[PDB]
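Colleague: Questions regarding the structure given below will be posed in turn.
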Amino acid sequence: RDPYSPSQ
Amino acid sequence: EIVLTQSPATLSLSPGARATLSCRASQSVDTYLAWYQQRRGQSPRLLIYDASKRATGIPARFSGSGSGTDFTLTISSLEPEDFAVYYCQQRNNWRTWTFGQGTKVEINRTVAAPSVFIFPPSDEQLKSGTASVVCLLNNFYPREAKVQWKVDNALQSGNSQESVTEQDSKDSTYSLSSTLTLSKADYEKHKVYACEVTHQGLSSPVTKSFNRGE
Amino acid sequence: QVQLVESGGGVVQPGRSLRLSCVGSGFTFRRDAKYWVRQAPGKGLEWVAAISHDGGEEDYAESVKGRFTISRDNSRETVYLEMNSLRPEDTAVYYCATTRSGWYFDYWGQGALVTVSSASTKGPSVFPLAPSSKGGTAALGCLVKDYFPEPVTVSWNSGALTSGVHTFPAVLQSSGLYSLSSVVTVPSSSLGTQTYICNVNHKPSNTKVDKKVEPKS
Ligand SMILES: *[C@@H]1O[C@H](CO)[C@@H](O[C@@H]2O[C@H](CO)[C@@H](O[C@@H]3O[C@H](CO[C@H]4O[C@H](CO)[C@@H](O)[C@H](O)[C@@H]4O)[C@@H](O)[C@H](O)[C@@H]3O)[C@H](O)[C@H]2NC(C)=O)[C@H](O)[C@H]1NC(C)=O
């Protein structure tokens, strides 16, 4: 749950 | 919190030499570390990420290594464009990104002592109520230089400012100016104004001075 | 390819607000987080703000938290930085950046300069740095004092003299005004064989000053 990981 | 620190402040090397830059994290960051290059007057650009992966388009002479708390950026053979400032970067607790304080890679050369010049304030400026005294240190290497202002043999502090050029594109030297700012009144209350310069290329500190009104 | 273009920089007085914009092209803008990283003059890089791909998450450095607001409009491929309650130490080049994973700043903009100061626009006074008739090289120059904002340009003899010229970076004085020196070193025999004129231009105040520099009586 990385709040700043890219959209999937 | 996690603090990154970099070493050395200045790395002085010849073109074509191998450069080794260090980055230290106050706690382990695993291999989550990036390196950036910032050439003079240009935006930073990503070189290495995840400690050792090259960004797309980055030449093979850049490599990264390390884990935990100690990391290295290696430039196998320096190119002219590689003389720049390099930053490392990490990210802790998902919501904070931090940098090291940067390492400057400069062109190494032989020691060159500065030639020193002192400039009294102009009569035009004294008619405005302010006196500026300028000391010039021309074409020296290495960067470290100490300038001290003396007014009637009294050492000054807090009333001078220094400015330095970038390494000269021809001889790789620096030049520096030191400006002493006094009021018209304070300037007229003293006689001898001296600039004392200490530098590695000088066997003894060089003093340039003038007497006000002569 | 990936490109980021900032806009909105300028001079602003302390306590006022300024809004920066950054438009992306050549990639899917909505896919990744966006960031602002700033660099004070002569200083290192300082991350400022971050925003998630859809704007659901935002975070800030403690130095700007409560004063800055980062936002994005993906339909316009734009990320914004709203800066309120600006302070002189907020003076910096502000870079916008995008990521491939959220961890690193994979691509950077060109930077936007923000100068926070209460100083009013003022042209410089130009004073000669006259050589003294007292080692083969002689130094002369011009002192360009008390102007705002940056920059000034200095040439010598309308650009005909460039060898030996050093125009130093400006210094910010405690008055809020800038000052710099521009100096030239020449062979000692050249002091009498040539005229030396510094051409100073300060466009923000439309100020032009030409100063002939000669040894003083
Ligand atoms: C970056 O630039 C620096 C200079 O700004 C470099 O430091 C200089 O290094 C040179 C040589 O390493 C020093 O010059 C001389 O060194 C000799 C020693 O070499 C003697 O070797 C044999 C004995 O084994 C002897 O037979 C020879 O005749 C040589 O004399 C000394 O004897 C001299 O007195 C002189 O020092 C410089 O002194 C030194 N400068 C400084 C400021 O340290 C530095 O190496 C450069 N770095 C890189 C990575 O390129």
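Protein chains in written order, with this note's numbering: chain A, 1 to 8; chain B, 1 to 214; chain C, 1 to 217.
All residues carry an ideal CB built from backbone N, CA and C; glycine is no exception.
Does at least one heavy atom of ligand 1 sit under 6 Å from the Cβ of B:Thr69?
Modeller: Mapped onto the second sequence, residue 69 of chain B falls at position 69. It does not: the Cβ of B:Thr69 is nowhere closer than 6 Å to a heavy atom of ligand 1.
Colleague: What are the residues that DSSP puts in a beta bridge with C:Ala49?
Modeller: Numbered from its first residue, the third sequence carries residue 49 of chain C at position 49. Per DSSP, C:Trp36, C:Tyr60.
Colleague: Our contact map puts B:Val29 next to B:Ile48 with C-beta atoms below 8 Å; I'd like the distance itself, whole angstroms only.
Modeller: Position 29 of the second sequence holds residue 29 of chain B. Position 48 of the second sequence holds residue 48 of chain B. Not confirmed; about 14 Å, so no contact.
Colleague: Buried or exposed for B:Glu144, going by 16 or more other Cβ atoms inside 10 Å?
Modeller: The count along the second sequence starts at 1 and reaches residue 144 of chain B at position 144. The residue in question, B:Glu144, is exposed, as its Cβ has fewer than 16 Cβ neighbours within 10 Å.
Colleague: Using the Cα positions of B:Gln125 and B:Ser132, report the straight-line distance between them to the nearest angstrom.
Modeller: Here residue 125 of chain B is taken as the residue at index 125 of the second sequence, counted from 1. Here residue 132 of chain B is taken as the residue at index 132 of the second sequence, counted from 1. C-alpha separation (whole angstroms): 8 Å.
Colleague: Starting from C:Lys145, find everything on chain B with Cβ-Cβ shorter than 7 Å and list it in chain order.
Modeller: As a position in the third sequence, residue 145 of chain C is number 145, starting the count at 1. What C:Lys145 touches in chain B: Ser132.
Colleague: Check whether the Cβ of C:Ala33 lies closer than 7 Å to any Cβ atom in chain A.
Modeller: The sequence position of residue 33 of chain C within the third sequence is 33, counting from 1. Judged by the 7 Å Cβ criterion, C:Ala33 is in contact with chain A.
Colleague: Return helix, strand or coil for B:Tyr187, following the three-state DSSP convention.
Modeller: Along the second sequence, read from residue 1 onward, the residue named residue 187 of chain B stands at position 187. The answer is helix: DSSP assigns B:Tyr187 an H, G or I state.
Colleague: If the cut is a Cβ gap below 7 Å, which residues of chain C does B:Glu124 touch?
Modeller: In the second sequence, residue 124 of chain B corresponds to position 124, counting from 1. The contacting residues are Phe127.
Colleague: Would you list the one or two residues that DSSP bridges to B:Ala113?
Modeller: Within the second sequence, residue 113 of chain B is the residue found at index 113, counting from 1. B:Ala113 pairs with nothing; no bridge assigned.
Colleague: Using a Cβ-Cβ distance cut-off of 7 Å, determine whether C:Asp54 contacts chain B.
Modeller: Residue mapping note: residue 54 of chain C aligns to position 54 of the third sequence, counting from 1. No, because no Cβ of chain B sits closer than 7 Å to the Cβ of C:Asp54.
Colleague: Within the stretch 92-166 of chain B, note down every full alpha helix (DSSP H) run reaching 4 residues or more, in order along the chain.
Modeller: If we require 4 residues or more, the alpha helix (DSSP H) runs fully inside the stretch 92-166 of chain B come out as 123-126.
Colleague: Return the residue from the list C:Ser52, C:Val184, C:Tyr147 that minimises the CA-CA distance to C:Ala160.
Modeller: Taking the first residue of the third sequence as 1, we reach residue 160 of chain C at position 160. Cα-wise, what sits closest to C:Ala160 is C:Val184.
Colleague: Less than 6 Å between C-beta atoms, sequence neighbours within five positions excluded: which residues of the same chain meet that for C:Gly24?
Modeller: On the third sequence, residue 24 of chain C is found 24 positions in, with the first residue counted as 1. Taking C:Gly24 as the centre and dropping the five residues before and after it, the same chain places the C-beta of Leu4, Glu77 closer than 6 Å to its C-beta, in chain order.
Colleague: Quick one: measure Cβ to Cβ for C:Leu113 and B:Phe99, integer angstroms, because I've assumed they're closer than 8 Å.
Modeller: Taking the first residue of the third sequence as position 1, residue 113 of chain C is located at position 113. Taking the first residue of the second sequence as position 1, residue 99 of chain B is located at position 99. Wrong, their Cβ atoms sit about 20 Å apart, outside the cutoff.
Colleague: Closer than 6 Å to a non-hydrogen atom of ligand 1 - does that hold for the CB of C:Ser174?
Modeller: To locate residue 174 of chain C, count along the third sequence from 1; it is residue 174. No, the beta carbon of C:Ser174 sits no closer than 6 Å to any heavy atom of ligand 1.
Colleague: Given a threshold of 16 other Cβ atoms within 10 Å of its Cβ, counted over all protein chains shown, does C:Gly102 qualify as buried or as exposed?
Modeller: Here residue 102 of chain C refers to the residue found at position 102 of the third sequence. Answer is buried; the Cβ neighbour count reaches 16.
Colleague: So is B:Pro44 buried or exposed if we call it buried at 16+ other beta carbons inside 10 Å?
Modeller: As a first step, residue 44 of chain B is located in the second sequence; it is residue number 44 there, counting from the start. Per the 10 Å Cβ criterion, buried.
Colleague: Select from the stretch 56-70 of chain C all residues with a C-beta closer than 9 Å to any C-beta belonging to chain A, and list them in chain order.
Modeller: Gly56, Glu57, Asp59
Colleague: Evaluate contact between the stretch 198-207 of chain C and the stretch 119-130 of chain C, counting only Cβ atoms and requiring at least three cross-stretch pairs below 8 Å.
Modeller: yes
Colleague: With 16 as the cutoff for other CB atoms within 10 Å, does B:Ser183 come out buried or exposed?
Modeller: As a position in the second sequence, residue 183 of chain B is number 183, starting the count at 1. Under this definition B:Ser183 is an exposed residue.
Colleague: Out of C:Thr115, C:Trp108, C:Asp73, which has the shortest C-alpha to C-alpha gap to C:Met83?
Modeller: Against the third sequence, residue 83 of chain C aligns to sequence position 83. Checking every option, the nearest Cα to that of C:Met83 belongs to C:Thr115.
Colleague: How about C:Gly24: is its C-beta nearer than 7 Å to some C-beta of chain A?
Modeller: Here the question's residue 24 of chain C lines up with position 24 in the third sequence. With 7 Å as the cut-off, C:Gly24 does not count as an interface residue toward chain A.
Colleague: C:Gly102 versus chain A: which residues are under 9 Å apart at the beta carbon?
Modeller: Within the third sequence, the letter at position 102 stands for residue 102 of chain C. Per Cβ cutoff of 9 Å: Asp2, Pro3, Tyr4, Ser5, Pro6.
Colleague: Can you list the residues of chain B that C:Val171 reaches, using a CB-CB cut of under 7 Å?
Modeller: Mapped onto the third sequence, residue 171 of chain C falls at position 171. Those are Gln161, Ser163, listed as they occur along chain B.
Colleague: Go to C:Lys134, then tell me how far its beta strand (DSSP E) extends in each direction, as first and last residue.
Modeller: On the third sequence, position 134 is the one that residue 134 of chain C refers to. Where C:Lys134 is concerned, there is no enclosing beta strand (DSSP E), given that its DSSP letter is neither H nor E.
Colleague: Are B:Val147 and B:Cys135 touching if we call contact CB-CB under 7 Å?
Modeller: Counting from one through the second sequence, the residue named residue 147 of chain B turns up at place 147. Counting from one through the second sequence, the residue named residue 135 of chain B turns up at place 135. Contact annotation: B:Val147 and B:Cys135 have beta-carbon atoms nearer than 7 Å.
Colleague: Starting from the Cα of C:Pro88, find the closest Cα among C:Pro215, C:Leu191, C:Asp210, C:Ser174 and give me that residue.
Modeller: Residue mapping note: residue 88 of chain C aligns to position 88 of the third sequence, counting from 1. The candidate whose alpha carbon is nearest that of C:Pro88 is C:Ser174.
Colleague: What is the C-beta distance between C:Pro131 and C:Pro215, in whole angstroms, given that I count them as a contact (C-beta under 8 Å)?
Modeller: Here residue 131 of chain C refers to the residue found at position 131 of the third sequence. Here residue 215 of chain C refers to the residue found at position 215 of the third sequence. Contact holds; Cβ gap of about 5 Å.
Colleague: On a Cα-Cα basis, can you pick out the residue from B:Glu188, B:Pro80, B:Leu137, B:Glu106 that is closest to B:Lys127?
Modeller: Along the second sequence, one-based indexing puts residue 127 of chain B at 127. The residue with the shortest Cα to Cα distance from B:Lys127 is B:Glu188.
Colleague: Show which residues of chain A have a CB atom less than 9 Å away from the CB atom of C:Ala49.
Modeller: By 1-based counting over the third sequence, the position of residue 49 of chain C is 49. Correct list: empty, because the minimum Cβ distance to chain A is about 12 Å.
Colleague: Under 6 Å from any heavy atom of ligand 1, does the C-beta of B:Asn108 make it?
Modeller: Numbered from 1 along the second sequence, position 108 holds the residue referred to as residue 108 of chain B. Yes, the Cβ of B:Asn108 comes within 6 Å of a heavy atom of ligand 1.
Colleague: Measuring only from the beta carbon, is B:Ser65 closer than 6 Å to any heavy atom that is part of ligand 1?
Modeller: Position 65 of the second sequence, counting from 1, holds the residue named residue 65 of chain B. Every heavy atom of ligand 1 is 6 Å or more from the Cβ of B:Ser65, so no.
Colleague: Going along the stretch 26-54 of chain B in order, which residues come within less than 7 Å of chain C, judged by CB to CB distance?
Modeller: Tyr32, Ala34, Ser43, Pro44, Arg45, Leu46, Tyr49
Colleague: Cα separation between C:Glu6 and C:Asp90?
Modeller: Indexing the third sequence from 1 puts residue 6 of chain C at position 6. Indexing the third sequence from 1 puts residue 90 of chain C at position 90. Using only the alpha carbons, I get a separation of about 17 Å.
Colleague: Report the residues of the stretch 137-148 of chain B with a CB closer than 7 Å to any CB of chain C, ordered along the chain.
Modeller: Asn138
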